[PDB]
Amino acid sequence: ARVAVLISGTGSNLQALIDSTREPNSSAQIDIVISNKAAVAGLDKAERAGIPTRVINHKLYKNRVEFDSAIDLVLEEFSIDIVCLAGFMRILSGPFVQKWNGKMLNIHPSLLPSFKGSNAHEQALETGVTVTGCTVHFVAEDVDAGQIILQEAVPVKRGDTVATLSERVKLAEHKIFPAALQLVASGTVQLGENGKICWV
C-alpha cells in the first residue's frame, strides 16, 4: 500500500511510521508527507528520510472543501492507497472523509471514547484519571468517533503535567500507530460493509 501522512507539527508519529514501514516485512511505504503548516520539524524529518513533501496552507482557501480538494489532488498525484493523520490538526470535510472511508487512520492521545478533541491530556489531568492511553481509529465525519483499530493504556503519574503525560503517551503512540497501519495495509483489518471493524 502507498501511504500519505498528514502532519501539522513536530512529526514524532511520522518518524515511527517511517522507521516501521522500512522494516523487512512491511505492507506499506510512505510516498508523500503533507503539512498544512510551513516550517514544522515533521517536514525536515520527511526530507531527511528522502520522502517528498508538500505544504498546503489551509489559510489560502475560502473553506474546508476546497482545502481538502487540494489535498486530494496531491493524493491522486501520488497514487495513495492509505492516508495516515499523524498530529494533523484540521477537521476534514464530509466529502473528503467519505471518499477516504476505510482508508484513513488517525492517532488520538486518549482511550476513546474518553477525551475527544485536541486537548486530551488537559482533559485527562483535569478529570483525574490514573489511566489514559492512545487510540488508532478509522476516520469518520464525527470527530474522534470512527471505528477503533488499536488502543494502549498508559498510566498517569502523580504530579504529571501536560508535557510529561504527553511524552509518556507518545511512546505508546509510536507502537500502535505502526502496528495499525500494518494491519490495514495487509489483509488483516478493514472497515466492513456493516460499518464495523472486521478482522479478516
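In this text, the rigid core denotes the largest set of C-alpha atoms whose superposition between the two forms falls within 1.5 Å. Don't overthink the numbering: it's just position in the shown sequence, from 1.
Superposition on the core shows that, in 9 other deposited structures of this protein, the C-alpha atoms drift more in one of 132-140 and 58-66; this is 58-66.
Relative to the shown model and aligned on the rigid core, the C-alphas in 9 other deposited structures of this protein deviate most, among 118-126 and 74-82, for 118-126.
As listed in the deposited structure, the average C-alpha B-factor of 46-54 and of 127-135 is greater for 46-54.
Mean C-alpha B-factor is higher over 182-190 than over the other stretch, the pair under comparison being 13-21 and 182-190. The deposited CA B-factor of residue 40 belongs to the middle third of values across its chain. In the deposited entry, the Cα temperature factor of residue 69 places it in the highest third of its chain's modelled residues.
When the modelled residues of the chain are ordered by C-alpha B-factor, residue 151 sits in the lowest third.
Ranked against the other modelled residues of its chain, the C-alpha B-factor of residue 99 as given in the entry falls in the highest third. Among the modelled residues of the chain, residue 89 sits in the lowest third by CA temperature factor in this PDB entry.
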